[PDB]
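Read-outs throughout are calculated quantities, based only on the coordinates presented, and are distinct from any laboratory measurement. Quick reminder, even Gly has a Cβ in these numbers, built from the backbone with ideal geometry, and neighbours come from all protein chains shown.
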């Protein structure tokens, strides 16, 4: 449902269970792929326009 | 020895630019003034029209 709501998918890798006394440990191991975005995304060095020219 | 040539008139003729020029006067001064005007137009100044 979450993936359908936002478009984010995970990978299932393994499931382990193990108990101790009166507790059962159920252990999922997921793995998530993504791409990291450059954040700096700042303002540009200048804004071009007018140059110069000497065609001697 | 009369040749009324005086003519520093970059006002009447201005940004509206002309390719060819013809000056019907053998007076050196008038010719030199036309020369100066053309060379001014042909200068590094960003607005150009390249007259002759």
Practice task
Show the residue pairs that are 6+ apart or on different chains and have beta-carbon atoms under 9 Å apart, the first residue being within the range B:35-52 and away from chain A (no Cβ under 14 Å), the second being assigned to a helix (DSSP H, G or I) and surrounded by 12 or more Cβ atoms within 10 Å (Cβ to Cβ).
Solution key: B:49/B:41; B:51/B:37; B:51/B:38; B:51/B:41; B:52/B:38
Practice task
Say whether the condition of being away from every other protein chain (no Cβ under 14 Å), under 30 Å from residue B:47 (Cα atoms) and in a loop (DSSP other than H, G, I, E, B) is met by at least one residue in the range A:35-44.
Solution key: yes
Exercise for the section: Tally the residues that are surrounded by 10 or more Cβ atoms within 10 Å (Cβ to Cβ) and under 14 Å from the mean Cα position of the chain (by Cα), restricting the search to chain A. Expected result: 3
Practice task
Output yes when any residue across the range A:17-27 is assigned to a loop (DSSP other than H, G, I, E, B) and out of contact with any strand residue (DSSP E or B) (no Cβ under 7 Å at 6 or more places or on another chain), and no when none is.
Solution key: yes
Practice task
Could you tell me which numbered condition residue B:23 fails, if it satisfies all but one of (1) surrounded by 12 or more Cβ atoms within 10 Å (Cβ to Cβ); (2) free of Cβ contacts under 8 Å to residues at least 12 places away in the same chain; (3) closer than 27 Å to residue A:55 by Cβ?
Solution key: (3)
